[PDB]
Amino acid sequence: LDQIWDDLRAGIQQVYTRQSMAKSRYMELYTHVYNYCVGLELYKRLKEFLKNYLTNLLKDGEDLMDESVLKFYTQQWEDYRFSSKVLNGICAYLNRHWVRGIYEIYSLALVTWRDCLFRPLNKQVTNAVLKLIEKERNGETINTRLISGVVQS
Amino acid sequence: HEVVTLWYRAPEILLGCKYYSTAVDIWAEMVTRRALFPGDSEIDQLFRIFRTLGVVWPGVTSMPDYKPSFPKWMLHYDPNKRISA
Amino acid sequence: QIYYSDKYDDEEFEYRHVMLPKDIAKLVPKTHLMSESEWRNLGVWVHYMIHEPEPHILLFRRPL
Amino acid sequence: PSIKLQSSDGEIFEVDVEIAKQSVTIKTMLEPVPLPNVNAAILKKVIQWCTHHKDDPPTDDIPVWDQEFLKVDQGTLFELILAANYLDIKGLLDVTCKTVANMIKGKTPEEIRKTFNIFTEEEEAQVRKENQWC
Amino acid sequence: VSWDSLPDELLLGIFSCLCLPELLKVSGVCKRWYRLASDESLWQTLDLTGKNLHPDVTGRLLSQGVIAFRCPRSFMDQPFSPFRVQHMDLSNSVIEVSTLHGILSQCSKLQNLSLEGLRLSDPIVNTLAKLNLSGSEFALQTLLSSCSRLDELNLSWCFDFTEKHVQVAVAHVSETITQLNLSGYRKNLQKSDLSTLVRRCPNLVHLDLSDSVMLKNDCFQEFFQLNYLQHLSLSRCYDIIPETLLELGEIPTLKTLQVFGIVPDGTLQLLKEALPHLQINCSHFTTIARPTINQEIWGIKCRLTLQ
C-alpha cells in the first residue's frame, strides 16, 4: 500500500538525528519492506527524498568557512553515512533482486554524494582543509578527525 | 531384434527399430541363386538396397539408424504397411 | 588393413566404404572425426563421419 | 551463548549461535524481536533441521532423510517456502525447490493446475504447433 | 493454497532445476508462467545434436536470451536483433548457404563462431569480419585483423585456394598469435613465405607446419629462432634426412614427437636412437581449436541437453 510510506517516512527521517529509539522499529520497517509489493515505483521516490534532504542539508552550509565548517561537515557526513548504513541494513531485498544511479542503496547514496559535491562548497572545503594543514605545519597541533572524515569520504 | 543372418536380415533391425510386428515374414532369402544378391556388411547391406532402388516413408526421421545426412540415389519398405502371410 | 569399394554415386560425388582392424579402432574417437594428417598409423581427403548403427565406417572426401 | 526469540503467538524458544550460523537474517540479530510472519510450528521445524544439519563441507542427488521430512500437506509447504524466501536461507530453499521440481516432473496439465490451485482454447493450438520440435 | 502469489524470482528457483520436456510442458498453464518460461537466466546452455529442425525454431531460440550453443550434425536447410553468443562452435551439419542471414548475419561481435568444411559466399564473411575455417581472399585477410585479441586461427583443406592466395599468409599482421595450424597446400605454399612468417610473429607456442615436400635447406633452421616455438612437427615428406632429424631441434625443451607419416620401413624404429633423451611417440591426434571435446569443454554443461 502506497499510503503506508507517507506515515512511515518519519521512522527513516528520525534515523538521521542521533537519539534513543524503539527496538520494534527495525521489525516494523522490515515488514513494510516486502509488504510493499505496485512494488516497483519506490526507487524514484527514495532518490527524490534523498536528493531533497541532501540539498536541504547543504543549504545550511554557507555561513561557515573555516574552523567551523569542518566540524559541521564531518558530523553531518557521519550522520548521513550512518543513515545510509541503516537504510541498507533494513531494506536490501526489493532493490535489484528481480532482474537488475546504481540500484544498491549504498551505491545510490555514494553517487548522490559524489554528484552533489560538485557544488562550489567543494572549493571552500578544500581551502579550509589546506589552511588547517598549513596551520598544523606551522608548529601547533589540533584535532585530526575533522579533515580525516572528509578524507575517508 | 538381433539377427544372425546377413542376406535376409530384417529391415526393421537395420533401421534401429528393435520392436516390429511380423516384419520378417513379409520380407525368398536366395531366389537369384547366384552372387548378384546384396550380401554386405551391416551398413553396406542397406547401402546396396539404397543404390539399387533409390513421403514414401512417413515418420522416417524417428529411428536410431535414420540419419539426415544420407545420400540421395512381398517386399515392402514400409514396416507398418505389411501384409500378413 | 585397407578396404576398397566402387567409387560410384548417383550425384557428382564419389565415396568408398573402408574398414580398419579392431586394434586400431581404439584410437578413433566417436566424439570428433579424424583429420587429413591424423590418420597416419594405418599408412593408407579427410575423415567425414561414421555409420549410425555400426561403429566402424569411413568414407573420406575428394575435392575437385 | 543462549539467544531467545519472540514467536508470533507469544512463545519463547531457545537458539544457539552454532544452530543459527547457517542463517543470514538471524545471524545479524545474534551478532526477542517480533516476527509475525513465522509461527511456532515452523520455528521448531526449522530449528530441528538446523540441529540435525549444521556441519557439512563448504536418491535424486539429495539426502534420503529429506524424502520423509518434507512429506506434509500443501498448506505447510506453502508456509515453509514463504518462510524460506523471507529468511533468505540457502540449504532449505534449495532442497524444497528441488523437491518441488521433482514433483512437477512428468505430470498432466489438469492435475498440475488443480494441485497448484491457480489461456486455453485461443492459444493452446498455437503453442502446440511450435513445440513439437521437442 | 494459491501458488500464484509468489514472486517471479522464487519461481525462477523452481525453473532452474528442470529439463526441456517438463520445461516446455509447464509453459502452457498461464500467461505468467508463459513469460517466466522464457527468461534469459533459464536458457544459458542449449545443445541439440542431430534433431533436424528448421532455422526458424532456432531463431526463436536466439530470441530468448541464450549464451551458449553447440549443435553438430543437424539438418537445417529451408530459410533480427544482434544477440549475445560468446560460446558457439560448429561441427559441419549440412546447412543451406542462403539461410545464414537468420543465423550469423545478426551477430558479429563476441568470441565468434568456428566452422569446418562449410562452403559459403563472400557477403557472409563480410558480415562476420565486423575462428576455424577448415575445408575471396580479401574477406579472409580482413577477418584475420578483425579480431586482434584472438590468437588462434585455423584453416586447412581449402577448396578455393590458389598459388597467389598463399601469399597473404605472411601479410597477416598479428603480434600476439600463440597457436596456429596451416597445412595441406603442399603444391601451392611458397617456401619463402615461412621465413617471413616466423619473423612476423614474435612467438608461436604451437605450429604444425606439416605437409612439406621440397624441404628447402634454409627452412631447416630458419624457423628455429627463439625458444618459445620449439617443435618437431613434420609429416608427408619425401626428401628428408633419415635418422638425423635432431639437427633442426638443436636445443629442444618440450616433448614433441610428431614425426609419423609416409616413411620407408626400417627408419621409424631407428629414429628413436636420434633422440634418446626424449621418449617415443605414443599417439598422434590434433587437439587445436576443437569445437568440442564427453561434453564438458570450456565449462559449458548444457542443463538443457535433449538426451
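Letters A, B, C, D and E name the chains as they come in the text, with residue numbers starting at 1 for each one.
Note that a residue touches a chain if its C-beta (ideal position, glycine included) is under 8 Å from a C-beta of that chain, and two chains touch if they have at least 3 such contacts.
In UniProt terms the chains read C = Cyclin-dependent kinases regulatory subunit 1; D = S-phase kinase-associated protein 1; E = S-phase kinase-associated protein 2.
A.B. asks: Tell me, which chains sit next to both chain A and chain E?
C.D. replies: Looking at chain E and chain A together, the chains touching each of them are D.
A.B. asks: Tell me which of B-C and C-E has more C-beta pairs in contact.
C.D. replies: Output for the comparison: C-E.
A.B. asks: Report the chain ID whose CA centroid sits closest to the centroid of the full protein CA set.
C.D. replies: E
A.B. asks: Counting in whole Å, what is the centre-to-centre distance of chain B and chain D, each centre being its mean C-alpha position?
C.D. replies: Roughly 55 Å separates the two chain centres.
A.B. asks: With centres defined as the mean C-alpha position, give me the chain D-chain E separation in Å.
C.D. replies: One centre to the other, that is 45 Å.
A.B. asks: Take the average of all CA coordinates in chain A, do the same for chain C, and state the distance between these two points in whole angstrom.
C.D. replies: Each chain's C-alpha centroid was found; their separation is 73 Å.
A.B. asks: With chain centres defined as C-alpha means, what is the inter-centre distance between chain B and chain E in Å?
C.D. replies: Whole-Å distance between the two chain centres: 38.
A.B. asks: In chain D, what residues contact two or more other chains?
C.D. replies: Within chain D, no residue touches at least two other chains.
A.B. asks: Which residue numbers or ranges of chain B touch two or more of the other chains?
C.D. replies: Within chain B, the residues that touch at least two other chains are 67, 69.
A.B. asks: Out of chain E, which residues touch more than one other chain, so two or more?
C.D. replies: 7, 73
A.B. asks: What are the touching chain pairs in this one?
C.D. replies: Result for touching pairs of chains: A-D, A-E, B-C, B-E, C-E, D-E.
A.B. asks: Chain D touches which residues of chain E in the complex?
C.D. replies: For chain E paired with chain D, touching residues are 1-4, 6-7, 10, 13-14, 16-18, 20-22, 24-31, 34, 51, 53, 57, 60, 306.
A.B. asks: Touching chain E in the complex: which residues of chain C?
C.D. replies: 27, 29, 31-38, 40-41, 43, 46, 49, 63-64
A.B. asks: Inside the complex, what are the residues of chain E that reach chain C?
C.D. replies: Per the touch definition, chain E meets chain C at residues 73, 91, 117, 135, 156-157, 159, 183-184, 208, 210-211, 235-236, 260-262, 283-286, 290-294.
A.B. asks: So in the complex, which bits of chain E are touching chain B?
C.D. replies: 50, 52, 73-75, 94
A.B. asks: Quick check: in the complex, which residue numbers of chain B touch chain E?
C.D. replies: Listed in rising order, the residues of chain B that touch chain E are 61, 67-69.
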